[PDB]
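[1] these chains are from a complex, not moved at all, and more is on the way:
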Amino acid sequence: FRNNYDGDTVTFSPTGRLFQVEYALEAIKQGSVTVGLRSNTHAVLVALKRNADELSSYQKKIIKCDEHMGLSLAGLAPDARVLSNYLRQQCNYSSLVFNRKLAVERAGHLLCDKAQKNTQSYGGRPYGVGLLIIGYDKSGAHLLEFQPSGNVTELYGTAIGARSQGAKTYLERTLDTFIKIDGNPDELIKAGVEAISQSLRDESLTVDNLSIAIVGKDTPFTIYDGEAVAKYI
Amino acid sequence: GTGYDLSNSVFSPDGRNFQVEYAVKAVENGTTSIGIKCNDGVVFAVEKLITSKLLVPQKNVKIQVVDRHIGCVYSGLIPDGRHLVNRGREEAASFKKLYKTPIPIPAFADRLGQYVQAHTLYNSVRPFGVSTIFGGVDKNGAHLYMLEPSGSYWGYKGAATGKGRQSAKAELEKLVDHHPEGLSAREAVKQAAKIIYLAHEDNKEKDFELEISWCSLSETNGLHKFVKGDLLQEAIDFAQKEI
Amino acid sequence: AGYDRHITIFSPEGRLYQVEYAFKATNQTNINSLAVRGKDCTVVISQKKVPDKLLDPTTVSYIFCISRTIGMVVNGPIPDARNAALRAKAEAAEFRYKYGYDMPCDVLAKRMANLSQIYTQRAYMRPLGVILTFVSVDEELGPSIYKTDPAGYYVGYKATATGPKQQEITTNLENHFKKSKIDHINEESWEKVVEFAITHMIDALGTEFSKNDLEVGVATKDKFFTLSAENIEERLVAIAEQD
Amino acid sequence: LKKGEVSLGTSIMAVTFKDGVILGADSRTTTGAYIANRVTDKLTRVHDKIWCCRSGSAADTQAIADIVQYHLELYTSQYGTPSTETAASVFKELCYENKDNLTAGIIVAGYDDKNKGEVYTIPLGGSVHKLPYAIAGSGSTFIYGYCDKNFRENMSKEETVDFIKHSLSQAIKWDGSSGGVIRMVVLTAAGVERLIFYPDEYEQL
Amino acid sequence: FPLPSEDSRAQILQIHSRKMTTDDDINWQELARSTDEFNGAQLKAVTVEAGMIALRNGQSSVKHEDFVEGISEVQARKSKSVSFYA
């Protein structure tokens, strides 16, 4: 460990990998844990907030992009604001030029083009922040998993964070359940609450530690914090 | 002294480049993709390895289309493969502005050939560790090219890359000797899926998904599109019948 | 300290390592090529080596056409060759636009030599791993051949040569000029100088070439063209019948 | 149009037919009142099979004609053999951004082994269109009536020359700004052929 | 010898547990996804750390959380130690 090329992103390893890209993936693996899933007409994200003290507050892991779409925070917290600013500009650019809402599929290629310029040139660095892009367009609900390596793939649901991959087992057995649930936002969010519960180790879900955001056709993107999520605990 | 492999522009004492050789090794760590050249056009094929059941079918586009008749498929790192297509799209768009009629296949290869080579000349940027296979129907006949990490390319009657590049390229030589005079565009669609299954022996430990896109003047008439409907399922049963 | 062999700087031995390592990268393809100057024109012959059947011989060419009056032959890797080919065409067309007429062969080899030195003297870029050999017939000196180099020093030759066997080709061709005491071939027809260079090329290389094993460029007065597979095969038949 | 600048005008035209296309122009260039050069030539060669004429401000045409030779030379060696549609688009972009400073009429016509002959005329606005016959300049203003009625489709080589020779004769006698010898270039499957007349020939009918 | 795949690591990790004592409730295919590009030597250290956790906690058998916690313990590419970047 801590050998070979730690210096720059433009130097290739003898094994055909990139250490700086692999080191950026470790930020999400040890970062704040969060889960997510989606249905045909709806999408739900669940995040677990952390802090350094009991007397402190809990930063929001979900930043609102537009009315029809949003993202989630994982891995490096401060690098989320950089990609969130470039993403909200592209959402408003399509409304002021093309007068159309930015699709989820096309939104993944925009953030992939921003992170690839820093990896292919000196002086820049790949942003180690995880992003789960949800939204609803004429095609339907879509969810994406963003990684510093540039991998963008649409999934029914996934989890990124600390011990988050251990919660994907519940999503596989229930994969045939929530996909057939349409127009039932109450029972759909409960599917994500039971998913993150499998990743709980030290503490459990509390009022201030549970952050749930839902988006759909008849229901726009809304962030539920505080006592709004107390009914889903 | 050590350090020949630290930088890019530094030449090895044997006459090679480590940054170029290490970029080729990253090509064989990605998903495999092949291609078949016909008389009236070319046929592209790619095998996307499915990780888990959470992947939604046919929502991941491996083959990105530049302009209309120019298809592109890459095997390697995802951002390095998408950056060449996004750069090649700006080259095809800037060409039609001044030069009117779209750029042909052999002329489009010079755009990516000089662009990738510009990365190996400077230590400020890195080369592309992805192998891009692009082609289509140009003004005269048809052409197919495979962009290597070193920037070297030629005309390819067939192309093989990825983990199964060893077993896939061996099957391309059998197709040439089978139809030395010419090969129809409809027959190459089923032959493209057959070679993928023959190269699946190395990738058989995971799930696979078939994605085929072809372009010719016989049916689409200068249009590069994917395969949907019963045509895709027909090539699956024909290729799996010989197994 | 030990970075003298990495970036180009004055060495403790008074040499340049990266410049010396650049000559080892020109032979990577291992292609022998020779050119002799006829009376009214100049002919060049280069080996055509197609490693794989999937490569189209018509698309594979190591000889580029810069202009109608200027041919170019490159021995080395194609990605560094096409990078210098697209650049040489930009500077050659700039002369006709800015200065009004066609550039001769000595000036084009002079401008590319000073440009190749920019790839050397500058420490943040690397020199080209190819050797540009321009074949053209001017209006004053007539037939001429100028050979460049990654160091940026252009010099004219009578019969140019390259490849690993260059030492055997130059020595074999030296005995012809020293015995006849002539600076150029006295054959007026451009067909005679083609068959003349093939005879000395086979005996020196010890190999009987085929129709697809050679690429013969022909630079005439105010015209340049590359012989196809049918024209190269036609010359080989007449040699075996006459000699 | 400035005050005192050298202008061309006169009449330039090209007529397509079965075996190819033949262009035409005169040698007279009227600068302001007097005639600056009566022996000059308005023909311009950007390619062996692609020809273009020059009309309007002379300083605008000769500058744009040289820029196109630089773009197509890069297009010929790198990309491939140019066509009539590719060369016509180069004059288009040069007359767009420079439309304010550079305003001149352009007519481009060439030969091809597939589409045979094509004539693409560019007015002062910079549009590009396909027409079998196209005229421009100050001298051609009077020949619109004669060229439209007597024009035929898919003519011979002798009928094409006589059609242009009689057409440009009206643009000379009726307009003093145009005159001199008639320069014509022929594009067929054989090659480029130059044809020139004399004032004592076409004026006698 | 390329790095083992998802289904390849699930078989290797399970064989090292043949001499151990568990409740057979551990999903080895789930543990294979938590292991990203690990060689055959790094996979053996996972079963070693899993046995050390049950000694401190006093567990009579190695459960599923022992392998998950063993990954969080320092083996390869693991640091922790009250380091939080927020």
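    Here it is on my side, so go on. Numbers count the residues shown, from 1 in each chain, chains lettered A, B, ... in the order given.
[2] what about residue E:56, how many neighbours?
    By other CB atoms under 10 Å in any protein chain shown, the residues close to residue E:56 number 7. Every residue, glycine included, has its C-beta placed from N, CA and C.
[3] Let me see the contact set for whichever residue of chain C sits closest to chain B.
    Of all residues in chain C, the one sitting closest to chain B is residue C:59 (2.7 Å; CB to the nearest CB). With contact set as CB atoms under 8 Å, 6 or more residues apart in numbering or on different chains, residue C:59 has these partners: B:106, B:143, B:154-155.
[4] Excluding residues flanking it in the chain, which one is nearest residue D:78?
    Leaving out its chain neighbours, the residue that sits closest to residue D:78 by CB to CB, 6 or more residues apart in numbering or on different chains is residue C:89, at 5.8 Å.
[5] What parts of chain E come near chain D?
    Contact residues, chain E versus chain D (CB under 8 Å from any CB of the partner chain): none.
[6] ok, longest helix in chain E?
    helix E:40-57 (DSSP state H).
[7] Give the other helices and strands that that one contacts.
    With contacts taken as 3 or more CB pairs under 8 Å, 6 or more residues apart in numbering or on different chains; DSSP states H and E, helix E:40-57 sits against helix E:6-15, helix E:64-72.
[8] distance of the residue most central in space within chain D from residue A:76?
    For chain D, the residue nearest the mean C-alpha position is residue D:53 (3.3 Å; CA atoms, centre = their mean). As judged by CB to CB, to the nearest Å, residue D:53 and residue A:76 stand 65 Å apart.
[9] just residue B:91 next, same as before
    34 Å.
[10] can you pull the contacts of the residue lying closest to residue A:12 once chain neighbours are set aside?
    Nearest residue to residue A:12, sequence neighbours excluded (CB to CB, 6+ apart): residue B:22, at 4.0 Å. Applying CB under 8 Å, 6+ apart to residue B:22 gives the contacts A:12-14, A:16, B:5, B:129.
[11] Now the two most distant members of the residues you listed.
    Using CB to CB, the contacts of residue B:22 reach their maximum pairwise distance at B:5 and B:129, which is 14.9 Å.
[12] about what we covered before: measure how buried the residue nearest to residue D:78 is and give me the count.
    Using other CB under 10 Å, residue C:89 has 21 other residues around it.
[13] Where does it sit, in terms of helix or strand?
    In this structure, residue C:89 is located in helix C:78-98 according to DSSP states H and E.
[14] Which elements pack onto that helix?
    Using 3+ CB pairs under 8 Å, 6+ apart: helix C:78-98 touches helix B:105-121, strand C:63-65, strand C:70-75, helix C:105-121, helix D:58-74.
[15] include chain F as well:
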Amino acid sequence: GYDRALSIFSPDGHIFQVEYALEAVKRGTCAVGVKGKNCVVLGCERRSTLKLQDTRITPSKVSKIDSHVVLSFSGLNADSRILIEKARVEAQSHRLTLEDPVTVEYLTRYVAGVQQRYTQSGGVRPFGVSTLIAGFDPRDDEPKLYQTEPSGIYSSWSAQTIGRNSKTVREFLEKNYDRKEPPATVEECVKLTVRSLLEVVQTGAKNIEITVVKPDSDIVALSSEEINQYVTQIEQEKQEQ
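    Putting chain F together with the chains above:
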């Protein structure tokens, strides 16, 4: 130009460029000064290693920024010129922009503010020069003596020294001098400055340069003959007591 950042945090939390720059002052000439009630004095020494230095054409160790405020530097005599020239331009700029004469507090924040830029600017190095800014604000008779450290931290001091043998003079200023009861006359401020230089200059005359700053835009530099008058009276009251 050169965009590479020279300043790098040490794993302990310090900075190599900032820490090593502080030793350029400790190897330089000792600059000590004190302030009284209505007056302030800034002393400095000179290097005795080389002789035959013309005093008239030699630039003074205490540079005059303005009529009511001056500057006394130490350490490197090279990088000190960049801070003095830019401070004098700001003196005329602040006088032009706000139509107000510059004060001592604003001039100190500017000189310290410029040093904070080079530490935060990639491609440059911080100053190894420590400057002592003293003067009198307009319509104010209270002297303001502010220390400017190479790290960019500024502070006010009644009696403070910088340069070589600093710990020796600082212990001398904390005993024989009282901050709560400074001297009310100018003569006592000059005699205290000379005594502070006796532990460094070590029996010298032409190597001592003392500049007296007075309110109402009055700057009087003590000549070589006037400094020796105070040295004679102190040496008689030193060995005999």
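[16] Repeat for the neighbour count of residue C:89, accounting for chain F.
    21.
[17] and if you look at the one 4 residues further on?
    Counted by other CB under 10 Å, the residues lying close to residue C:93 total 23.
[18] Report the secondary structure state of residue B:201.
    At residue B:201 the chain is in coil, as set by DSSP: H, G, I helix; E, B strand; the rest coil.
[19] if we can go back for a sec, return the distance of the longest helix of chain E from the chain's centre.
    6 Å (CA atoms, centre = their mean, to the nearest Å).
[20] For that helix, report the contacting residues that lie outside it.
    Taking CB under 8 Å, 6+ apart as the rule, helix E:40-57 contacts E:4, E:9, E:12-13, E:16-17, E:20, E:31, E:35, E:59-63, E:66-67, E:69-71, E:73, E:75-76.
[21] Can you report how many residues lie near residue B:190?
    Neighbours around residue B:190, by other CB under 10 Å: 16.
[22] That one belongs to a helix, doesn't it?
    Yes - Residue B:190 sits within a helix when classified using three-state DSSP.
[23] Spit out the contact partners of it.
    Each residue near residue B:190 by CB under 8 Å, 6+ apart is listed here: B:234-235, B:238-239.
[24] how much space between it and residue F:71?
    87 Å.
[25] which among the contacts of residue B:190 gets closest to chain D?
    residue B:235 (34.8 Å).
[26] Give the helix, strand or coil label for that closest one.
    At residue B:235 the chain is in helix, as set by three-state DSSP.
[27] what residues does chain C put near chain D?
    Going by CB under 8 Å from any CB, the residues of chain C near chain D are C:65-67, C:86, C:89-90, C:93-94, C:96-97.
[28] Helices of chain B, residue ranges please.
    Under DSSP H, chain B gives helices at B:18-25, B:78-99, B:105-121, B:165-178, B:185-198, B:230-241.
[29] So which of those is nearest residue D:113?
    Nearest to residue D:113, of the helices of chain B and by CB to CB, is helix B:105-121 at 18.6 Å.
[30] List the residues that contact residue F:25.
    So residue F:25 contacts F:74-76, F:128-130, F:150, F:162-163 (CB under 8 Å, 6+ apart).
[31] In strands, which of those fall?
    Assigned to strands by DSSP state E, the following of the contacts of residue F:25 qualify: residue F:162.
[32] hang on, residue F:118 in a helix?
    Yes - assessed by three-state DSSP, residue F:118 belongs to a helix.
[33] Please report how far it lies from residue B:195.
    As for residue F:118, its distance to residue B:195 is 63 Å (criterion: CB to CB).
[34] who's more crowded, those two?
    residue B:195 (27 against 18).
[35] Go ahead and add chain G:
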Amino acid sequence: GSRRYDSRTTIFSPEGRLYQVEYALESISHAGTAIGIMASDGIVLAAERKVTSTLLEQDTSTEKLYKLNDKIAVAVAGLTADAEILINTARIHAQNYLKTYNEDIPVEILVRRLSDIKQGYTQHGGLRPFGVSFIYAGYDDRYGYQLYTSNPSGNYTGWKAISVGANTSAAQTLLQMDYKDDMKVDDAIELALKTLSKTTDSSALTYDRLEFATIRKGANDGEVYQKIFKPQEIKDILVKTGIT
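    Putting chain G together with the chains above:
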């Protein structure tokens, strides 16, 4: 990676000093010496060329003493190539002050312009400092005759008698003991000439390796006379000093 090949030309040593600046000072000892003396009626400058021969051209040549102004002459001890950069910029700024205020430029303003240039490359730019040193000599109506010197660090003060070059401490010892405040121009030439004879590496002393440019003021007041001594005039003072 640009971090490895960069040697960090400007950084602070653990002792609190600069690396390349200390190494640039050693180049002065390995270069030609420069000596000058400020007298009452003028300033006498002197230097010596290094690595000479018979094939050298002594007709008109000076490799050390340059003239930046009619009233101001300088001396170059160090690398000659690094001097030509500042000599060109010095004549620009000296004439810019005359272009603006329409009067002759003093020495102090001319020194600080080139001194700030040396400080710019040491503080920023990531380049190497100037390996050349200068000795400034001139006259004005402000402070009178002024004699300064420069260093690659960019620090300058006034000097009555200064020696910068080979054998710095050896030449300054003989100049200090024989220095006098009443020394005239004729007496200052003998002191500067006898120092170069004892401190050189050769046996005898010829007029080819010596260069002298003085400053004299005649009956004309307000403008001095800057005259570079030619080898014909250099061999004349060798007899008066007794060296011959």
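[36] Check the neighbour count of residue C:93 one more time with chain G there.
    The number of residues packed near residue C:93 is 23, by other CB under 10 Å.
[37] residue contacts, the residue nearest to it when sequence neighbours are not counted?
    Once flanking residues are discounted, residue C:93 sits nearest to residue D:73: 4.1 Å by CB to CB, 6+ apart. Counting by CB under 8 Å, 6+ apart, residue D:73 makes contact with C:67, C:93, C:96-97.
[38] where exactly do the helices run in chain D?
    D:58-74, D:84-97, D:144-149, D:157-173, D:199-202.
[39] Name the SS class of the residue in chain G that chain A sits nearest to, please.
    Closest contact between chain G and chain A, by CB to the nearest CB, is at residue G:1 (5.0 Å). Here residue G:1 is coil, with the state taken from three-state DSSP.
[40] Just the element for the residue of chain F found nearest chain E, please.
    Per CB to the nearest CB, residue F:11 is where chain F lies closest to chain E, at 14.0 Å. Per DSSP H and E: residue F:11 is located in neither a helix nor a strand.
[41] Could you report the separation of it from chain A?
    14 Å (CB to the nearest CB, to the nearest Å).
[42] That residue: neighbouring residues, count only.
    5.
[43] One more: residue F:218?
    There are 12 residues near residue F:218, going by other CB under 10 Å.
[44] Bridge partners for it, pull those for me.
    Listed beta-bridge partners, residue F:218: residue F:214 (assigned using DSSP bridges).
[45] quick one: residue F:39 from chain G, how far?
    Relative to chain G, and taking CB to the nearest CB, residue F:39 is found at 29 Å.
[46] try residue D:112
    53 Å.
[47] and that residue, what does it touch?
    Taking CB under 8 Å, 6+ apart, we find residue D:112 in contact with D:49, D:83-84, D:118.
[48] From those residues, list the ones also adjacent to chain G.
    Of these, not one also sits near chain G (CB under 8 Å from any CB).
[49] among those residues, which two are most distant?
    D:49 and D:118 (11.0 Å).
[50] and the residue of chain E nearest chain C?
    residue E:2 (25.1 Å).
[51] If we ignore the residues flanking it in sequence, what's nearest that residue?
    residue B:29 (7.9 Å).
[52] my guess is the one you found contacts residue B:163, does it?
    Yes - using CB atoms under 8 Å, residue B:29 is in contact with residue B:163, at 7.3 Å.
[53] So the two - more neighbours on which side?
    The neighbour count for residue B:29 versus residue B:163, taken as other CB under 10 Å, is higher for residue B:163 (21 against 17).
[54] Now for the more buried one: which residues touch it?
    B:28-32, B:202-203.
[55] just the buried members of those residues?
    Buried members of the contacts of residue B:163, scored by 16 or more other CB atoms under 10 Å in any protein chain shown, are B:28-32, B:203.
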